[PDB]
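Asks: Here we go, the starting part of the complex in its complex frame:
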Amino acid sequence: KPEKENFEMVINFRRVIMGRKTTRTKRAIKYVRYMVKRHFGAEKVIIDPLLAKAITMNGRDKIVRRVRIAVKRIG
């Protein structure tokens, strides 16, 4: 049985930046789906807007280098 954790994880938005300015914010949240499956076996990723919102207090091209996340990954 998968560990139904109430876990908190720290992400590093290193790889996403340094490439195309015009794409970051989308790749940002798309990157979010990457580790979440990898570190939690996620079948489908449901993100509240706010925890997604803070990545873009910026619109297009400015993004915080890291952020904290909490997951109630139900079945």
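Replies: Great, that's in hand. Residues are numbered from 1 along each chain as shown, chains lettered A, B, ... in the order given.

Asks: make it CA atoms for all contacts and neighbour counts henceforth
Replies: OK.

Asks: Quick check: the gap between residue A:66 and residue A:5.
Replies: 21 Å (CA to CA, to the nearest Å).

Asks: Spell out the residue ranges of the helices in chain A.
Replies: According to DSSP state H, chain A carries its helices in the segments A:24-40, A:49-53.

Asks: Compare the ones you listed and give me the one nearest residue A:15.
Replies: Residue A:15 lies closest, by CA to CA, to one member of those: helix A:24-40, at 9.2 Å.

Asks: Return the distance of the closest one from the chain's centre.
Replies: Counting by CA atoms, centre = their mean, to the nearest Å, helix A:24-40 is centred 5 Å from the centre of its parent chain.

Asks: With only the CA atoms kept, save that helix in PDB.
Replies: This file holds the C-alpha atoms of helix A:24-40, laid out as PDB (Å, rounded to 0.1, in the frame of the first residue of the first chain):
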ATOM      1  CA  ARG A  24       8.600  29.300 -18.100                       C
ATOM      2  CA  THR A  25       5.400  29.700 -16.200                       C
ATOM      3  CA  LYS A  26       3.700  26.900 -18.200                       C
ATOM      4  CA  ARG A  27       6.700  24.700 -17.900                       C
ATOM      5  CA  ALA A  28       6.700  25.700 -14.200                       C
ATOM      6  CA  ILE A  29       3.400  24.100 -13.400                       C
ATOM      7  CA  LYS A  30       4.100  21.400 -15.900                       C
ATOM      8  CA  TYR A  31       7.300  20.700 -14.000                       C
ATOM      9  CA  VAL A  32       5.100  20.500 -10.900                       C
ATOM     10  CA  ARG A  33       3.400  17.500 -12.300                       C
ATOM     11  CA  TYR A  34       6.800  15.900 -12.800                       C
ATOM     12  CA  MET A  35       8.100  15.300  -9.300                       C
ATOM     13  CA  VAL A  36       4.600  14.900  -7.800                       C
ATOM     14  CA  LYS A  37       4.100  11.700  -9.800                       C
ATOM     15  CA  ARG A  38       7.700  10.700  -9.300                       C
ATOM     16  CA  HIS A  39       7.800  11.200  -5.600                       C
ATOM     17  CA  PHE A  40       4.200  10.100  -4.900                       C
END
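
Asks: Another chain to add, chain B:
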Amino acid sequence: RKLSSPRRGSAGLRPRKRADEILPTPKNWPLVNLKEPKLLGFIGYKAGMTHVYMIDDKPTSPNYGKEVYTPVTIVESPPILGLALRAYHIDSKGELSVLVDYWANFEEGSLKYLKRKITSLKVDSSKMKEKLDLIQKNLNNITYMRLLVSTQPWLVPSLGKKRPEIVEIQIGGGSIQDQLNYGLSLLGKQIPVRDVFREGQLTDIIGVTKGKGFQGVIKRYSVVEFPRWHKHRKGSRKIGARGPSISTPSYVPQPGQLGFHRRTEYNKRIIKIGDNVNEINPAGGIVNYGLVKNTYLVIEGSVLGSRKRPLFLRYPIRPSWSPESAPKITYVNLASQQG
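Replies: With chain B added, the chains above now look like this:
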């Protein structure tokens, strides 16, 4: 009217293609030069570089007997673990193929490091006896005698790898019978660079240069930007014509891969073989490499290739001058490569 101009780009190295084995190999060897059995090169790694202060040793130097400043490259020298002995002879058709090999790690070497990359021998038929005396039977009719050795990068955390390379080195010395016995001893043990080298020697470099990806002709062969107006008109980064006619669209600058090549280097004289890591380690961890924690080779000038590449070394093929040992130093830069 068709002024003089050297042919630009370098026609000497066509074709320009990328090597097929990350660790190259020499194709010749400098003569033994009237001496006793020992090896003629070494393996290592490109860790980093700095600048050093020394008294000039060149007796004919214009800077003789003074402190001058010179960039210097560091080469961590992990111990080498030999594998086997290879027999080369004038075979049928008068060629120099491998007569036979001589492997032995069942007597010593319970190391799975080799196993990571080769599913090597089992103890079932470790009967090299009939192989070894074959050399003895084929004694006096042998020409060359190399050596199978492997690197031990697992003793270097800087390179995060655990399956090693096994490569070759030809050994010259006194009589042939001596050389085989000399090699026979070296099997199954560990060998420092000091077992082959000493300070103040010359050394040769064959390796793989810093890769760069597909390149532009401007960069590949240093072709010239068209003057002024083309910085505004129709295109700038290309050659105009591509030959007088289809009569050999020739060796002319055309795009392609640059870097990661098998290349050459001449006239490299070592500086120091130290053993205190604190004497050489710069500030804050050497850039992109880590913290050297084995014996290291202090080589001046520039050494081709990217950081974290194995490098195979060699005695001078056409040495310019015979060097004496120990060009003593006066300063080592521990300052951060950053900043």
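
Asks: and the next element down the chain from the longest strand along chain B?
Replies: For chain B, the longest strand by residue count, based on DSSP state E, is strand B:43-55. The C-terminal neighbour of strand B:43-55 among helices and strands, as given by DSSP states H and E, is strand B:67-76.

Asks: Need the CA coordinates for that following strand. CSV is fine.
Replies: What follows is strand B:67-76 as a C-alpha-only set of coordinates in CSV (Å, rounded to 0.1, in the frame of the first residue of the first chain):
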residue,chain,number,x,y,z
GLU,B,67,60.4,34.1,-10.5
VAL,B,68,58.0,34.4,-13.3
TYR,B,69,54.3,33.6,-13.4
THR,B,70,52.7,30.8,-15.3
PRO,B,71,49.3,29.1,-15.6
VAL,B,72,49.4,25.5,-14.4
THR,B,73,46.9,22.6,-14.7
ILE,B,74,46.2,20.0,-12.0
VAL,B,75,45.8,16.3,-12.7
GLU,B,76,44.6,14.0,-10.0
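
Asks: So which elements touch the longest strand of chain B?
Replies: strand B:67-76, strand B:310-314, strand B:329-332 (3 or more CA pairs under 8 Å, 6 or more residues apart in numbering or on different chains; DSSP states H and E).

Asks: most tightly surrounded among these?
Replies: strand B:310-314 (a mean of 21; mean count of other CA atoms under 10 Å in any protein chain shown).

Asks: Could you work out the end-to-end span of stretch B:10-22 for me?
Replies: Stretch B:10-22 has an end-to-end distance of 24 Å (criterion: CA to CA).

Asks: here's chain C, add it to the model above:
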Amino acid sequence: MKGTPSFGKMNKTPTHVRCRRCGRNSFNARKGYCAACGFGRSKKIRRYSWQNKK
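Replies: Adding chain C to what we have so far:
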């Protein structure tokens, strides 16, 4: 300009409109005449020896 814009100004009224006689939108208001139905200066119907190729 001689190219497309020459076609630009072409939204105004047709210089030939529905003449009441021949059902052809070919009444030149500007000339006070139809060049198709002949109404305007001929009592007779406009007809020619060369309505077609012979």
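
Asks: hmm, who's touching the longest strand of chain B?
Replies: For strand B:43-55, the external contacting residues (CA atoms under 8 Å, 6 or more residues apart in numbering or on different chains) are B:64-78, B:80, B:151, B:286-287, B:289, B:292, B:300, B:305-313, B:327-333.

Asks: same deal with stretch B:317-333?
Replies: So stretch B:317-333 is contacted by B:29-31, B:50-58, B:67, B:198-202, B:204, B:266-267, B:269, B:271-272, B:279-280, B:282 (CA under 8 Å, 6+ apart).

Asks: Find the nearest non-adjacent residue to residue C:39, please.
Replies: With CA to CA, 6 or more residues apart in numbering or on different chains as the criterion, residue C:39 has its nearest non-adjacent residue at 6.6 Å, and that residue is residue C:33.

Asks: residues in contact with that neighbour?
Replies: Applying CA under 8 Å, 6+ apart, we find residue C:33 in contact with C:27, C:39, C:40, C:41.

Asks: partners of the nearest residue to the last one once chain neighbours are set aside in the sheet?
Replies: In other words, residue C:41. Spatial nearest neighbour of residue C:41, chain neighbours left out: residue C:33 (7.1 Å); criterion: CA to CA, 6+ apart. Note on residue C:33: beta-bridge partners residue C:28, judged by DSSP bridges.

Asks: on that earlier part again, pull out the buried residues from the longest strand of chain B.
Replies: B:43, B:44, B:45, B:46, B:47, B:48, B:49, B:50, B:52, B:53, B:54, B:55 (16 or more other CA atoms under 10 Å in any protein chain shown).
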